[PDB]
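**Student:** Residue numbers (the numbering used here), protein chains in the order written: chain B, 1 to 15; chain E, 1 to 466; chain P, 1 to 466; chain Z, 1 to 487; chain U, 1 to 128; chain V, 1 to 128.
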Amino acid sequence: XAXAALXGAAXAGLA
Amino acid sequence: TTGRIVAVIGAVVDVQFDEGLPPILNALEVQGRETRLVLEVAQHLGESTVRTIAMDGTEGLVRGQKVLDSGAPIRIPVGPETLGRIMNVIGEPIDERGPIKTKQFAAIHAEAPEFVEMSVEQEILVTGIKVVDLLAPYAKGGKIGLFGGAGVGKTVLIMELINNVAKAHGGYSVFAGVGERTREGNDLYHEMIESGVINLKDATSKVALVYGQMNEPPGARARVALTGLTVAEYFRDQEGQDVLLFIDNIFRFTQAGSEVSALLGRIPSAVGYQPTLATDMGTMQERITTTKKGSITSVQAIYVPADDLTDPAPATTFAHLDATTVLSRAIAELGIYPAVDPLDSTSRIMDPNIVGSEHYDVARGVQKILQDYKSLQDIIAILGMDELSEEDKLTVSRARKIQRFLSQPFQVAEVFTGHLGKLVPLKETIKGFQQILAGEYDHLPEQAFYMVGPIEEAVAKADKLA
Amino acid sequence: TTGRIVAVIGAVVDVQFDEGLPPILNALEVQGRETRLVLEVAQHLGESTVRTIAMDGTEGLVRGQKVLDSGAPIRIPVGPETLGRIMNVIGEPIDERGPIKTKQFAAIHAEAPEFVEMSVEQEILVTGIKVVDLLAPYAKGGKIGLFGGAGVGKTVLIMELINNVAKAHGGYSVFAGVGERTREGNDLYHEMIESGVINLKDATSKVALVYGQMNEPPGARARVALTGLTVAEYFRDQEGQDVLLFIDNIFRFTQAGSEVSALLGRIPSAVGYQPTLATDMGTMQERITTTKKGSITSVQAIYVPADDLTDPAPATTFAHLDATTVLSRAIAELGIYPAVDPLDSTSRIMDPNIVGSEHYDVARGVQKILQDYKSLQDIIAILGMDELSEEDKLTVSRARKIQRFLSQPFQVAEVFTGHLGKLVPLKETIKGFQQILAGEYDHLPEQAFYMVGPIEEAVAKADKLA
Amino acid sequence: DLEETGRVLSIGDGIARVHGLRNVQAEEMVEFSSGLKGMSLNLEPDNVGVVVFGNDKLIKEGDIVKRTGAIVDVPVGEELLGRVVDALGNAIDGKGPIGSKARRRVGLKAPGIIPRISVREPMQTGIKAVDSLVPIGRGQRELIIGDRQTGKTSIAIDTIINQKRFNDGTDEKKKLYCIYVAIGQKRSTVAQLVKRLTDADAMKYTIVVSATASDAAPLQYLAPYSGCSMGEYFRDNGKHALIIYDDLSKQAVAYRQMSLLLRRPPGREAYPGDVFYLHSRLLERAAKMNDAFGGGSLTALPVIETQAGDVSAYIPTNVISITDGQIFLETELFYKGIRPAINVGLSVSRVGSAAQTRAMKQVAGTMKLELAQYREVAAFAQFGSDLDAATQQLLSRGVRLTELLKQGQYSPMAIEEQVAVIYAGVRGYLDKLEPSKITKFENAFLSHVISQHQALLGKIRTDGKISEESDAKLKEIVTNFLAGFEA
Amino acid sequence: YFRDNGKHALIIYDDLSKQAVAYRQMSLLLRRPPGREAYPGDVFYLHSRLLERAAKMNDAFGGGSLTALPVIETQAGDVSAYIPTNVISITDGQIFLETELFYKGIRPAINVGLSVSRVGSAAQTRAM
Amino acid sequence: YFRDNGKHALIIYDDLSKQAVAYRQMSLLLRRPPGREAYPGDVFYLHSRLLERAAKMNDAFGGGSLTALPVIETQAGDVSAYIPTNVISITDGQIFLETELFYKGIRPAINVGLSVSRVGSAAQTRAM
Ligand SMILES: Nc1ncnc2c1ncn2[C@@H]1O[C@H](COP(=O)(O)OP(=O)(O)NP(=O)(O)O)[C@@H](O)[C@H]1O
Ligand SMILES: Nc1ncnc2c1ncn2[C@@H]1O[C@H](COP(=O)(O)OP(=O)(O)NP(=O)(O)O)[C@@H](O)[C@H]1O
Ligand SMILES: [Mg+2]
Ligand SMILES: [Mg+2]
């Protein structure tokens with residue numbers, strides 16, 4: 001949510 | 001032709017021509033300025049007036065100011081002499097090493113290799129990197145999404161690749177910094193230098209550096225990637241090598257696109273991006289391929305917005321990627337380097353129909369084991385490592401050996417790792433893992449495999465380890 | 001009068017007149033064309049120019065081209081000679097059976113019946129459909145609407161209803177295909193022939209067909225509804241005997257309006273729809289109605305974009321119905337057909353003083369258990385049933401049995417259910433539902449209730465399941 | 001001469017505003033000084049808005065624009081087969097000019113109600129799952145839908161390739177000329193695409209229109225209409241064509257780009273109000289003509305790319321509301337190793353049963369039934385202890401049947417081959433067997449009956465049904481093969 | 001008329017949702033730039049102006065009154081919505097009906113929590 | 001002035017959010033084209049050109065420096081909104097503050113997990 005972008009590239013192995 | 005400035009609104013200059021009107025994309029030169037001001041042509045407003053986007057600050061411009069049609073798009077010094085140099089968006093030197101003296105100049109805006117120039121086949125491009133080559137093989141003229149950032153060996157890996165391309169393919173590399181942080185650029189510069197890839201003394205530099213700093217206006221950060229592209233194209237279309245293109249970061253490209261778009265007053269599309277999002281991207285991506293003459297391979301640094309894989313920016317981008325290289329902080333924490341994630345990193349060419357049944361099987365082998373071990377991981381810690389079967393205990397052992405065998409010493413990091421680098425060959429790579437899977441080295445101990453090259457070293461290390 | 005084509009943009013043709021300016025809603029005929037091209041006047045732009053909407057493709061038109069004032073609005077053949085025929089927006093045959101030879105013609109644009117003209121009789125219309133009859137019963141001379149996202153069951157339902165109702169009607173029927181599939185028109189036509197509703201031999205057909213499908217330009221799609229509409233009006237007022245009116249899909253008319261709206265030069269409203277959305281729907285819906293002169297039982301399919309029921313199109317439609325059958329993708333995905341949402345479908349007739357208290361009580365009974373089950377769902381979702389109360393578990397069982405008992409095989413959908421269609425009589429429905437509620441079947445398994453007619457069959461199915 | 005000519009007033013955002021051209025008709029092709037092409041979109045009181053079919057860099061204020069008196073059209077005819085053309089019909093295989101006799105408007109309205117007839121001829125894919133569970137009829141529109149990389153195009157291909165089995169045939173009525181339209185893709189992909197087609201000797205019967213990632217939005221937008229017109233030639237002449245729109249997703253974005261630049265009100269997802277129509281008009285053109293109109297047909301397999309399996313989005317819903325069924329491929333399935341990752345439940349074929357072969361009816365009929373009873377008990381739950389023999393048994397077919405439906409690429413099967421293998425599973429000849437053996441059984445049991453029993457196959461195939469003898473013969477055939485099967 | 005003449009009137013505006021749409025239409029067609037959610041920047045005012053008219057006059061003015069019961073249609077039970085809040089912020093309270101309540105057997109589907117009366121007991125008999 | 005003359009200077013921008021707004025106001029009034037959140041197409045540039053001016057010089061230049069602490073005010077923790085996105089993307093790291101934390105007793109409310117320093121230990125003393 002709101003600040004998730006500060007994790008990051010988290011679901012990357014899905015792309 | 002000599003035009004006048006009819007209007008200045010932020011980064012968008014309007015220029016009127018009395019006699020001949022410059023076609024779209026041409027590069028105009030603003031007359032009478034301390035420094036070079038290039039205006040790229042963007043539209044024909046009718047009435048002998050063009051609408052252009054400034055490649056630098058329009059501060060001080062005056063209605064009536066003189067503009068000289070360079071009668072072409074932005075052209076830049078291309079060739080070997082570029083290697084080891086840092087260059088602007090309009091092919092200027094920004095390293096203070098004097099003029100970039102080349103024979104040829106190459107306009108940045110270029111169409112892509114016609115269908116008849118296309119290669120008809122998929123070939124893996126070997127880097128000598130165990131994980132990469134084994135589980136997520138790069139592809140000639142393909143696009144790789146490089147995930148992960150700091151702490152994790154991003155620069156070091158970028159530097160080894162460069163090296164390994166020069167070594168195993170005699171191919172050079174380009175580095176395009178789209179929206180680079182001035183601080184970080186200079187830091188990249190000296191880092192390459194200390195590692196050799198750049199050589200200020202001789203002519204052994206294996207990389208050319210293109211920079212589009214974050215302070216630059218949208219148009220500049222918009223083009224820099226192309227500029228870098230032009231450069232790489234040369235080592236392919238003129239010398240038929242296998243170039244490497246690094247775009248850092250692919251996101252800032254797209255973003256730069258939207259800014260220019262907005263400035264041009266066009267209505268934004270979904271999520272505010274440019275209506276031309278897909279085209280903007282494709283007219284660029286498509287130039288990156290294997291033609292009959294050679295091939296350009298691009299390593300693109302991706303930044304996913306809001307961690308949303310379906311965001312238009314990222315989504316669009318995936319349409320062009322042939323493989324991902326996921327750098328992982330966790331892996332790094334195991335001391336494992338390169339810190340590439342063997343389970344998250346993927347490749348389109350990982351098809352037996354492409355890498356061959358052998359290669360394909362090994363890969364699929366390494367991965368499953370890696371997967372299985374992952375399962376047990378939870379059990380081990382809680383219920384203790386012992387209900388483990390003669391079978392469950394081997395999957396682990398092997399896996400653990402595997403995880404290590406997947407790590408490796410880079411020549412780039414010799415300067416102060418006090419350890420010799422290793423450029424393992426694809427053949428050696430398949431063999432190595434093949435055997436571990438096989439059970440040939442079950443007797444060998446874990447640490448034997450940590451930070452080595454070819455399996456042979458795993459064996460010798462065991463010796464020295466009693 | 002003879003105007004000249006001044007401008008052309010898609011379906012919006014602007015025509016200039018010199019002597020007589022045609023009033024708004026008038027149909028003009030473009031001169032110099034292989035086939036008829038009617039233009040419907042939309043507005044007076046001033047300057048002796050009129051903005052119009054083409055009723056067919058505008059390719060080939062040329063500025064300056066001659067246009068003739070027909071002197072009236074789009075008129076079409078009305079009378080019994082339309083029965084068994086297929087006709088255009090503009091009323092021309094499209095069945096290759098020659099001209100429709102009628103005594104009278106009627107213009108598609110008419111005013112809605114006045115207040116004093118309204119009717120207030122409320123008679124239930126039994127359909128044989130379990131969910132419909134029990135929870136949101138239709139009504140003679142009433143307005144029915146079938147809401148549905150893509151491929152949910154709108155059409156099938158319209159067919160089943162034509163089957164279960166149209167077939168044994170004794171009066172006339174009008175089917176209006178609006179913006180849907182041509183193949184469907186063809187599917188119906190031939191079928192209609194087969195069952196004898198359409199007779200190409202005698203004058204015994206009971207159905208008139210009007211079509212303006214998915215392949216027509218916006219203007220056509222924006223008027224076919226009106227066309228079909230008019231046909232029905234005739235039988236209602238001009239002859240006194242009860243009509244049946246089927247439209248598939250009325251959403252298409254609204255969509256069509258949005259297609260031309262920008263061209264008309266209007267500031268778009270919310271979601272990019274035309275600011276006149278509601279009025280447009282209103283002056284049209286208001287003609288689809290029963291009156292003191294005649295009765296019109298209308299079933300309209302209403303496509304819901306992106307499955308969004310809050311979309312201005314469907315949203316604004318609710319207000320015009322007497323009974324609403326909302327179809328659900330979620331339900332459909334569960335395999336329940338028809339995919340009617342039992343807590344979202346409504347009917348003005350659901351009144352004890354109209355359906356009786358037995359009917360009124362079962363209905364509300366079923367809804368309350370399904371509502372209750374709905375609230376338990378969140379929990380069931382993470383933790384399943386285990387942690388549920390013995391009491392709660394019983395509502396869940398019953399609900400899941402009622403849920404299933406609501407489904408049913410349609411003749412029209414036999415090819416898919418793999419079962420023989422069923423038509424349950426109202427008392428049968430009230431009953432079977434009572435018992436379920438009353439715990440008279442807490443012993444039978446859910447599956448027994450799925451896909452069946454009367455409760456009796458649900459008992460048997462139970463035996464067969466053993 | 002401002003009657004047949006015009007001078008450009010302004011070029012920008014791919015819309016050239018030409019002065020003059022007083023005689024152009026709406027939608028007529030026009031030519032630019034630079035040999036560039038365009039469409040007359042807007043006919044305004046004092047200019048013509050033209051849609052440039054290429055890079056607008058080439059156009060400048062003042063350039064000459066000449067009519068052509070032709071409403072946008074394209075080369076059409078059998079001489080396209082084996083050719084790789086652009087959205088305009090121009091060859092791009094560098095194989096010499098297309099010797100086309102006929103031409104055809106790209107924007108013709110589809111055939112009405114009267115001239116059509118229910119699809120009744122099978123349009124074999126060669127893919128078991130599809131041909132058994134989601135039968136396509138000739139003249140049907142069946143949508144291929146899924147996320148990126150779920151194996152969408154792959155279905156199109158095997159289908160194209162499978163056609164050779166008839167095209168090399170005797171009977172012209174059993175043939176199918178394919179047309180593969182590429183939109184927004186990578187050339188490197190199209191190039192490899194034909195290479196694969198070429199090596200399969202399928203290009204001989206295929207036309208390829210390409211408007212790729214680098215082509216002007218208007219070309220991408222156009223491409224499907226052109227490919228459609230070419231397919232129309234076959235439909236119109238008692239022949240039978242197959243057109244693949246790959247993808248409609250990218251076309252839609254191309255059109256949207258155009259729309260926004262023209263400044264048309266952006267709606268849901270920023271898409272213009274007419275995007276549905278963009279698709280309906282196109283897809284209406286696929287059709288099955290009756291005998292009095294040539295009995296020919298056009299079959300469309302349009303591709304749509306969903307984001308995160310969201311099958312409710314604006315574009316996907318639009319398309320679903322046009323075609324006559326869909327084949328959704330699942331990301332889950334694909335990774336779990338089930339390929340084609342076809343979602344048996346979700347997918348549909350509104351009109352294809354009638355086009356379905358009896359033989360398949362015979363075996364495939366009790367397949368979804370069995371799979372129906374398997375769909376249930378097959379939970380997400382990986383570790384579940386079960387009871388009940390029946391439900392147990394149900395769960396047991398399910399895994400076998402599922403193994404029968406897996407298929408590699410480039411190896412489209414003959415309908416009779418499909419019924420054969422399906423027969424083995426649906427009849428129980430694989431119940432006593434282990435799910436990991438299924439694949440292996442198939443190849444081995446298939447080569448076996450192909451080698452030894454071309455006799456029974458031909459019957460099945462010829463009869464088109466499974467006769468008592470054929471079935472009797474088949475039963476023993478599985479029987480013995482089994483008995484000898486090495487674990 | 002009644003209000004100003006010492007009489008008592010009750011007015012039901014069923015519903016103000018459709019009126020706003022009408023307003024929005026009329027407004028856009030006049031070319032007045034569309035505001036939030038496409039409505040004219042003054043939708044609030046459109047309703048305030050109207051509902052302020054409902055009132056209780058003093059004995060000096062006849063002691064008459066005007067009571068208003070305006071209807072608003074939410075979507076997805078969302079009362080926080082812009083129009084719904086616009087109107088909630090004018091009136092002397094609200095009666096909020098939920099479909100959940102309704103189906104559940106709670107009819108009227110009044111949601112006690114979310115409903116209010118800014119008049120309080122002053123509008124009730126002592127008995128009540 | 002400090003940076004350039006062998007001296008060291010610290011600068012706090014409080015906030016860059018308000019400044020963005022100021023700029024937006026001007027842009028829109030001048031009628032330039034509006035983008036997401038109504039921000040001009042050169043709002044990123046506005047900050048990048050600002051934040052880059054901070055830097056560590058070389059002895060050849062005086063060794064003087066200019067460190068920057070720019071402040072950004074998020075909304076409901078939406079770090080991904082427009083302006084927060086730019087600035088995050090421009091700077092060498094972030095110190096993320098949370099209300100939950102704050103009220104929970106953690107003061108300063110630094111969310112340690114989500115905060116960063118690209119520069120890292122290269123700026124920490126050996127002691128630390
Ligand atoms: N009552 C039903 N029983 C069984 N299957 C059904 C039923 N209704 C629909 N289906 C299935 O769903 C498909 C679509 O039905 P259909 O009535 O055409 O949906 P629709 O809402 O008319 N679709 P569209 O017009 O494309 O949005 C049918 O072809 C069946 O496969
Ligand atoms: N039947 C199959 N069996 C095994 N592998 C398959 C099969 N079909 C496809 N593949 C693999 O799956 C990959 C993706 O299939 P593809 O048809 O290219 O998917 P897609 O949905 O078109 N994805 P994209 O077009 O890239 O967005 C192919 O490149 C093959 O490697
Ligand atoms: Mg339908
Ligand atoms: Mg594809």
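The beta carbon of each residue, even a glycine, is placed where N, CA and C say it ideally should be.
Just the Cα atoms here: how many angstroms apart are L244(P) and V412(P)?
**Tutor:** Cα-Cα distance, rounded: 19 Å.
**Student:** Quick one: does the C-beta of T153(Z) sit closer than 7 Å to a heavy atom of ligand 2?
**Tutor:** Yes, since a heavy atom of ligand 2 falls inside the 7 Å radius drawn around the Cβ of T153(Z).
**Student:** Take the Cβ of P224(Z) as the centre, count every other Cβ of all protein chains shown within 10 Å, and call the residue buried at 16 or more, exposed below.
**Tutor:** Buried, because 16 or more other Cβ atoms sit within 10 Å of the Cβ of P224(Z).
**Student:** Short of 6 Å in beta carbon distance, which residues of its chain neighbour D322(E), apart from the five on each side in sequence? Order them along the chain.
**Tutor:** Same-chain partners within the cutoff: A139, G142, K143, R348.
**Student:** Tell me the rounded alpha-carbon separation between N162(Z) and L333(Z).
**Tutor:** If I take the Cα positions, the gap works out to 24 Å.
**Student:** Identify every residue that forms a DSSP beta bridge with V243(P).
**Tutor:** In DSSP, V243(P) forms a bridge with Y172(P), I296(P).
**Student:** If I'm right that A217(Z) touches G14(Z) with Cβ under 8 Å, what's the distance once you round it to whole angstroms?
**Tutor:** About 7 Å separates the two Cβ atoms, so the contact holds.
**Student:** Could you tell me the boundaries of the alpha helix (DSSP H) in which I158(P) lies?
**Tutor:** 154-164 is the extent of the alpha helix (DSSP H) around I158(P).
**Student:** Which class does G432(E) belong to by DSSP, given the choice of helix, strand or coil?
**Tutor:** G432(E): helix per DSSP, three-state reduction.
**Student:** Given a limit of 7 Å on CB to CB distance, which residues of the region 3-27 of chain U reach chain A?
**Tutor:** Absent here is chain A; the protein component of the structure consists of chains B, E, P, Z, U and V.
**Student:** Determine the direct distance from the alpha carbon of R53(V) to that of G63(V), and round the result to whole angstroms.
**Tutor:** Their backbone Cα atoms lie some 15 Å apart in a straight line.
**Student:** Is it buried or exposed, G179(P), if we count other Cβ atoms within 10 angstroms and call 16 or more buried?
**Tutor:** That one is buried.
**Student:** Since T82(E) contacts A208(E) with CB under 8 Å, what's their CB separation in whole angstroms?
**Tutor:** Between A208(E) and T82(E) the Cβ distance is about 4 Å, and since that is below 8 Å, they are a contact.
**Student:** Using 7 Å as the cut-off, classify the Cβ of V152(P) as near or not near the heavy atoms of ligand 1, replying yes or no.
**Tutor:** Under cutoff, so the answer is yes.
**Student:** For the beta strand (DSSP E) holding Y335(Z), just list the boundary residues, first then last.
**Tutor:** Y335(Z) -> not in any beta strand (DSSP E); alpha helix (DSSP H) instead, spanning 331-335.
**Student:** Rounded to whole angstroms, what is the Cα-Cα separation between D92(V) and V24(Z)?
**Tutor:** Their Cα atoms are separated by approximately 59 Å.
**Student:** Is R223(E) near ligand 1 - that is, is its Cβ less than 7 Å away from at least one heavy atom of it?
**Tutor:** It does not: the Cβ of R223(E) is nowhere closer than 7 Å to a heavy atom of ligand 1.
**Student:** Using only the alpha-carbon positions, how far apart do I76(E) and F2(V) sit?
**Tutor:** Those two C-alpha atoms are separated by around 38 Å.
**Student:** Tell me, please, whether the region 273-285 of chain Z touches the region 283-292 of chain E by the rule of three or more beta-carbon pairs shorter than 8 Å.
**Tutor:** No contact exists between the region 273-285 of chain Z and the region 283-292 of chain E.
**Student:** Give the C-beta separation of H109(E) and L25(E) to the nearest angstrom, bearing in mind that I take them to be a contact with Cβ-Cβ under 8 Å.
**Tutor:** Confirmed, about 5 Å.
**Student:** Could you tell me whether any Cβ in chain E is nearer than 8 Å to the Cβ of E44(Z)?
**Tutor:** Judged by the 8 Å Cβ criterion, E44(Z) is not in contact with chain E.
**Student:** Could you check where the alpha helix (DSSP H) with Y23(U) kicks off and where it finishes?
**Tutor:** 16-29 is the extent of the alpha helix (DSSP H) around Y23(U).
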